[PDB]
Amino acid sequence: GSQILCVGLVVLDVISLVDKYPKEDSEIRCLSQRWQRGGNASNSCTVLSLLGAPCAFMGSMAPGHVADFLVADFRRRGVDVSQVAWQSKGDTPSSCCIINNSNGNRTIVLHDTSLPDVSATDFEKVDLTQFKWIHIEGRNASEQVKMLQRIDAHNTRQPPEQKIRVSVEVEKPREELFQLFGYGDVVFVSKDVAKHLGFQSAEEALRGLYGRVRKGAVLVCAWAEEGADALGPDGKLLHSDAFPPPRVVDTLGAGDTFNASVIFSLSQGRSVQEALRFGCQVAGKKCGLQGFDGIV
C-alpha cells in the first residue's frame, strides 16, 4: 500500500510562449512553442514522480494519436496508467495556453471534448490495497462523492495504521462541487473559488469555509504570490510565504505543483506547517522554469 493515486483530468496543452500578451484582434509572434501533458491530476502525477513518489493516474482518455503522446509522457515519468478509463466516445481534451514570459501569466483556452468522466462504476473496479493516498480533482461531483464514500467504507474496515489518506481539490466556482468540501482529510480550495464566495484573502476564506469540511480535516488555500494558508481542527491558522523566483516566467501548473508537494510532504509524515512550506517552496521554484523539469 505505497502508491499515490490522482483521479481527474488529463489534457494536451499546446503552449506558446510570448513576451507580451496580445491585444484583441492583433497579431504577435511567439518566442517558442511546445506540447505538454496537462490537466490538474495529471500535472500532480508529474510532480509526485519527480519527487520520487510512486504514483498512478486515473482518468478518461480516448484512443488516438494525442492519447498516445500523453501515455508516452506518463510512462516516461514512470506514472502508472493501468487504471485509465479508456473510451470510444469523444476526443481527448486539449487547450491552447499562452504563457507571458515577462511575468509568468498564463492564459488557457480549454476544449472539454464531451469525453465522459470517470464513474463510480469504473472506480469500484480498483484495488485500493495499492494506495497510501488518493487525491481527487473535483469534476463530476455526484459521481465522485460516491467514490469518496467507497473510500470511507474501505477505511471503516482498517487499522488506523492502514487507512487510505484522502484529499480533494475544489477549484472551479461551481455549486455542484461544494458538496466535496465534506470529504477527505485534506481539502484544497482555490483563490478563484474563495473570491467567488466573497473572500479577499486565504485567511478569510479559511475562516469562512472551515464549517463545510468534515471533523478532523485540514482546509488548505493557496494564494499565488501571497503563498498559502491552512487551517485544521485545532483552529490555529497556519501560513507560508511564497518562494518567488527572481524572474517569474511560467505559472502554468503552479497550483498542481503545490498540491502534489503538500500531499507528498503529508504522506511522508511531516506537519501541516512543514507541508505548506514545502508546497510553496516547490511551486515557487517551478514558477521560475518553463515546464516541470528541474524543480528537482
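Numbering starts at 1 and follows the sequence shown. Definition used throughout: the rigid core is the maximal C-alpha set that superposes within 1.5 Å between two forms.
Enquirer: Determine, for 9-17 and 280-288, which one has C-alphas that on average lie farther from this form in 8 other deposited structures of this protein; superpose on the rigid core first.
Expert: Clearly, after the core fit, the stretch farther away in 8 other deposited structures of this protein is 9-17.
Enquirer: Fitting on the core, do the C-alphas of 27-35 or of 228-236 deviate more in 8 other deposited structures of this protein?
Expert: Checking 27-35 against 228-236 in 8 other deposited structures of this protein, I find the farther stretch is 27-35.
Enquirer: Where do the C-alpha atoms have the higher mean temperature factor in this entry, in 275-283 or in 11-19?
Expert: Higher mean C-alpha B-factor in the PDB entry: 11-19.
Enquirer: According to the deposited model, is the average Cα temperature factor higher in 53-61 or in 259-267?
Expert: Looking at the recorded C-alpha B-factors, 53-61 comes out higher on average.
Enquirer: Could you tell me which one of 190, 83, 95, 105 shows the highest CA temperature factor in the PDB record?
Expert: Max CA B-factor in the entry, restricted to 190, 83, 95, 105: 83.
Enquirer: Quiz for you: based on the deposited Cα B-factor, which of 167, 201, 144, 100 is highest?
Expert: Answer, based on the entry's C-alpha B-factors: 144.
Enquirer: Once the chain's modelled residues are ordered by C-alpha B factor and cut into thirds, is residue 210 in the lowest, middle or highest one?
Expert: It belongs to the middle third of the chain when residues are ordered by C-alpha B-factor.
Enquirer: Considering every modelled residue of the chain and its Cα B-factor in the PDB entry, is residue 122 in the lowest, middle or highest third?
Expert: Within its chain, residue 122 is a highest-third residue by C-alpha B-factor, going by the deposited values.
Enquirer: Check where residue 185 lands among this chain's C-alpha B-factors and tell me if it's the lowest, middle or highest third.
Expert: Ranked within chain, residue 185 CA B lands in the middle tercile.
Enquirer: When the modelled residues of the chain are sorted by Cα temperature factor, does residue 295 land in the lowest, middle or highest third?
Expert: For residue 295, the deposited C-alpha B-factor lands in the middle third.
Enquirer: Please rank the C-alpha B-factors of the chain's modelled residues and tell me whether residue 133 sits in the lowest, middle or highest third.
Expert: It belongs to the middle third of the chain when residues are ordered by C-alpha B-factor.
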